[PDB]
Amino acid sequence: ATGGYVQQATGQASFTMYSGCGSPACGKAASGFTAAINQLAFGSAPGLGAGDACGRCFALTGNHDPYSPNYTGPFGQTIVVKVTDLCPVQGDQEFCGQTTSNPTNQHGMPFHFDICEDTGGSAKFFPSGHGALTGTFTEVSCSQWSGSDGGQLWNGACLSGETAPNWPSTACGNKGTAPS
């Protein structure tokens, strides 16, 4: 996409959970299930505002635990998240370090969703004892997402991807150039 960001409506991803998603990088939280997405897909960098992932809705499915490769299941439910947040490239190199020159993480995945625990998404998705998974995602209409957006936390906040057609398309827009 613009900026060299890798923004595909469907693909393979890794998955983790995180806490404290009430002041996320898009500048609006939401009451439904939410996630952070890796920087290369988010479409912005820390401090540069919302990227084009902001507000888009995705159906996530886990089907492997790379840390317990003999575990056969059960996995969790497929859930629909709204992306509200950035999983930065400069932080966790295991999961969100994808760049334009090296577009997969340490699990070989080109995308990562960090699912916010606070509002219930991770309890639907991760079986007890299996908090890091790999699997798939597909962008869906936000008609498939229960929830209400929070208020703007700063000027420029954006979740306008919530009404956009699936990628390829533009809503909030990408900021600067993707990490190399």
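Numbers for residues come from their place in the sequence shown, where the first is 1.
Between 103-111 and 78-86, the higher mean Cα B-factor belongs to 103-111.
43-51 and 27-35 differ in mean CA B-factor, and the higher of the two is recorded for 43-51.
Within the group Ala59, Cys142, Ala123, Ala132, the record's highest C-alpha temperature factor is found at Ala132. The deposited CA B-factor of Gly161 belongs to the lowest third of values across its chain. In the deposited entry, the Cα temperature factor of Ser128 places it in the highest third of its chain's modelled residues.
Among the modelled residues of its chain, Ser146 has a C-alpha B-factor that falls in the middle third according to the deposited record. In the PDB entry, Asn155 places in the highest third of its chain by CA B-factor. The deposited CA B-factor of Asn70 belongs to the highest third of values across its chain.
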